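Peer 1: Model the following, please.
(chains A and B, ligands or ions: 1)
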Amino acid sequence: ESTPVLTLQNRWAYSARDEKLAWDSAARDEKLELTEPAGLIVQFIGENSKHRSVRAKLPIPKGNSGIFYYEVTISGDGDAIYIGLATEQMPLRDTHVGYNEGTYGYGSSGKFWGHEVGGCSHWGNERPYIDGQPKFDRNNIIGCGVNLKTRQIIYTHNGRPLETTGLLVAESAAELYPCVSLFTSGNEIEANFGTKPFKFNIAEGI
Amino acid sequence: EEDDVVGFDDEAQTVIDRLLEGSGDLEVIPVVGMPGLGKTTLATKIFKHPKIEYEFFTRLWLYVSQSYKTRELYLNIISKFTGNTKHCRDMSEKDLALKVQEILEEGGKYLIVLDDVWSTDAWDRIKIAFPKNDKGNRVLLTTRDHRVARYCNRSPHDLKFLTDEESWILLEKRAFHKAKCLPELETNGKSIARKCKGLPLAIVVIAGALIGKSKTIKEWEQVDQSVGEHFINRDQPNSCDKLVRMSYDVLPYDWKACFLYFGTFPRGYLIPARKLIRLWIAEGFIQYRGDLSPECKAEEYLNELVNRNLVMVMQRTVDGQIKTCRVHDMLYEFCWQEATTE
Ligand SMILES: Nc1ncnc2c1ncn2[C@@H]1O[C@H](COP(=O)(O)OP(=O)(O)O)[C@@H](O)[C@H]1O
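Peer 2: Residues are numbered from 1 along each chain as shown, chains lettered A, B, ... in the order given. The structure is reproduced below:
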């Protein structure tokens, strides 16, 4: 459980089906720009601000061994952002990770989403959230991951691990993919899947 | 204002997709969700959508109140298409229905909006007017009963809530009428928006209260504090009365009476504004104080109750004045309950 299971060659990517339905809608103004061939930097280039999500190419490892983990550095305004793990079915518009069902997320507003634990707050579809978590803005380095053995979700803020005791990811047959949801124009992020050193020391943390 | 519609774009898209998909047979599309979740709002968004105007040229909107009768529905349809209900005023319900069926068989690919469908009984009765002329016809349905939806379609559309962020943007846009929120109120305002949990109606109501409250930090936090986290109770969301009361208590006494007067009409009733003006004058709520003539003072009160959002604008005239108005069925609960106490 303490050995990291890296998806080093993982990158932000819309799938063939995501692009199919994304170009089924004739609106271009609703897209994020990807800094290829790296595809680790994403920029919200829309005029009007709305929830827009992008997912990684590869899903999480499905083993009972080691840790899945990635980090995201925030540039731009850094506000109205949600980082976490989404299903492939998750809409990339008008929803954020964690808000969407079967997904779990950490919001810039300071909320963990999708974690039904005793004493949590219920939102819209009585969607379980846990409020009062650290907010994040520009220049912060946020980690999201899952201990594959205990199934406990892992969040880190600028390399500091956060309270996630009892926050489990469901062991479904469906694959979960790294996902980030931006809102405001000018928001920029850069993803770290292990290509650069993590600020959270996995070796000295798990 | 179409400008004020927030975050329902992919919702509209996914609904338009299901409208465009399907066979030539008549296909019925139910949108479901609790009162105030914005079903009627989304229905209007899709109805006015360019690509829906493109596919379905024959378009019509019908508000099927819980208190609606089938004879009236057929007569409403006939009046819309032909403008001559003379001969149909004494026609039997079947003769009316067959007459509509004729218009629809001659009419092309058509889209019918039925707003606030209350029962499957009503649906099955209404359906008699629609031919299965296999022209790819569609019927858009809004309802508050999940059973009603699932009877029409096994896979109905559950209308989403708003995100914290979407909640804030709607609140700001309604509370400040296109102007931006002052930074000092931002934290309290966002807290307030959050406690709405992403319910459009709750957000719009409280905007009306805040408009009426001074734009001071202390007044907004009073509000934020008084709005407990779980005020919208799943047992009675119809008991958002406390959210309404907060907006209500801010109203001058003159407007309180006018507002509660809505309790004197039937639930969900489509009220012609000019008719209401004259009646408000009759009941003596419009005090001729100063220069203001009673008609101008009545329309000001009306415009103001619309500014407070508590009354919903249903139609505008060519003048840009209010043609017909409605108070939401959840607001009627308050008007009915409070007006039996006062
Ligand atoms: N996407 C939206 N953006 C802004 N306001 C909205 C939105 N959806 C709904 N509303 C507001 O919600 C209020 C109540 O919605 P309504 O359609 O009457 O509820 P329902 O039909 O679900 O009973 C309306 O006054 C409308 O302005």
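Peer 1: so what's residue 105 up against?
Peer 2: Using chain A. A:82-86, A:96-99, A:112-114, A:179, A:181 (C-beta atoms under 8 Å, 6 or more residues apart in numbering or on different chains). In this view, the C-beta of every residue, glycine as well, is placed from N, C-alpha and C.
Peer 1: was after chain B, sorry
Peer 2: Contacts of residue B:105 (C-beta under 8 Å, 6+ apart): B:131, B:133.
Peer 1: and the gap between it and residue B:27?
Peer 2: According to C-beta to C-beta, to the nearest Å, residue B:105 and residue B:27 sit 17 Å apart.
Peer 1: try residue B:33
Peer 2: Note on residue B:33: its distance to residue B:27, by C-beta to C-beta, is 20 Å.
Peer 1: Between these two, which has more neighbouring residues?
Peer 2: Counted by other C-beta atoms under 10 Å in any protein chain shown, residue B:33 and residue B:27 do not tie: residue B:33 has more neighbours, with 21 against 16.
Peer 1: which residue packs closest to residue B:100, ignoring adjacent ones?
Peer 2: residue B:129 (4.2 Å; C-beta to C-beta, 6 or more residues apart in numbering or on different chains).
Peer 1: Equivalent analysis for residue A:182, please.
Peer 2: Spatially, and ignoring its direct neighbours in sequence, residue A:182 is nearest to residue A:44 (4.5 Å; C-beta to C-beta, 6+ apart).
Peer 1: Show me what the one you found is bridged to.
Peer 2: residue A:32 (DSSP bridges).
Peer 1: what about it, how many neighbours?
Peer 2: For residue A:44, the count of nearby residues is 23 (other C-beta under 10 Å).
Peer 1: Tell me which stretches of chain A form helices.
Peer 2: For chain A, the helices defined by DSSP state H occupy A:16-24.
Peer 1: Point me to the residue of chain A nearest the ligand.
Peer 2: Proximity of chain A to the ligand (C-beta to the nearest ligand atom) peaks at residue A:94, 9.7 Å away.
Peer 1: same deal with the stretch 51-200 of chain B?
Peer 2: The ligand sits closest to residue B:200 of the stretch 51-200 of chain B, with a gap of 3.4 Å, by C-beta to the nearest ligand atom.
Peer 1: tell me the contacts of that residue?
Peer 2: Per C-beta under 8 Å, 6+ apart, neighbours of residue B:200: B:6, B:36-38, B:41, B:162, B:170.
Peer 1: Swap in 6 Å and give it another go.
Peer 2: residue B:38 (C-beta atoms under 6 Å, 6 or more residues apart in numbering or on different chains).
Peer 1: Just checking: what are the partner strands of the lengthiest strand in chain B?
Peer 2: In chain B, taking DSSP state E as the definition, the longest strand is strand B:110-117. Take DSSP bridges as the rule and strand B:110-117 pairs in its sheet with strand B:58-63 (parallel), strand B:138-143 (parallel).
Peer 1: most tightly surrounded among those strands?
Peer 2: Mean neighbour count, computed with mean count of other C-beta atoms under 10 Å in any protein chain shown, is highest for strand B:138-143 among those, reaching a mean of 24.
Peer 1: Helix or strand next in line after it, which one?
Peer 2: On the C-terminal side of strand B:138-143, the closest following helix or strand by DSSP states H and E is helix B:146-152.
Peer 1: What number of residues are in the vicinity of the closest residue to residue B:103 other than its chain neighbours?
Peer 2: Of all residues not flanking residue B:103 in the chain, residue B:81 sits nearest, at 5.0 Å (C-beta to C-beta, 6+ apart). Other residues lying near residue B:81 total 16 when counted by other C-beta under 10 Å.
Peer 1: I'd like the distance between residue B:81 and residue A:132.
Peer 2: Residue B:81 sits 58 Å away from residue A:132, going by C-beta to C-beta.
Peer 1: What of residue A:170?
Peer 2: Going from residue A:170 to residue A:132 by C-beta to C-beta gives 24 Å.
Peer 1: roughly how far apart are the spatially closest residue to residue A:158 that is not a sequence neighbour and chain B?
Peer 2: What sits nearest to residue A:158 in space, not counting adjacent residues and going by C-beta to C-beta, 6+ apart, is residue A:141, at 5.0 Å. Look at residue A:141 and chain B: by C-beta to the nearest C-beta, to the nearest Å, they are 22 Å apart.
Peer 1: which residues touch residue A:141?
Peer 2: A:71, A:73, A:158, A:199.
Peer 1: Who wins on neighbours among the residues you listed?
Peer 2: Result: residue A:71 is most packed of the contacts of residue A:141 (other C-beta under 10 Å), 23 neighbours.
Peer 1: Specify the beta-bridge partners of it.
Peer 2: Taking DSSP bridges as the rule, residue A:71 bridges to residue A:143, residue A:192.
Peer 1: What helix or strand is residue B:260 located in?
Peer 2: Using DSSP H and E, residue B:260 sits in helix B:253-260.
Peer 1: For that helix, which outside residues touch it?
Peer 2: Against helix B:253-260 from outside (C-beta under 6 Å, 6+ apart): B:280, B:285, B:301, B:335, B:339.
Peer 1: rewinding a little: mind checking which of the strands paired with strand B:110-117 is nearest residue B:292?
Peer 2: Smallest distance to residue B:292 across these (C-beta to C-beta): 33.3 Å, for strand B:58-63.
Peer 1: tell me which parts of chain A are close to chain B?
Peer 2: Proximity of chain A to chain B (C-beta under 6 Å from any C-beta of the partner chain) is limited to residues A:80, A:91, A:93-94, A:99, A:109, A:123-124, A:183.
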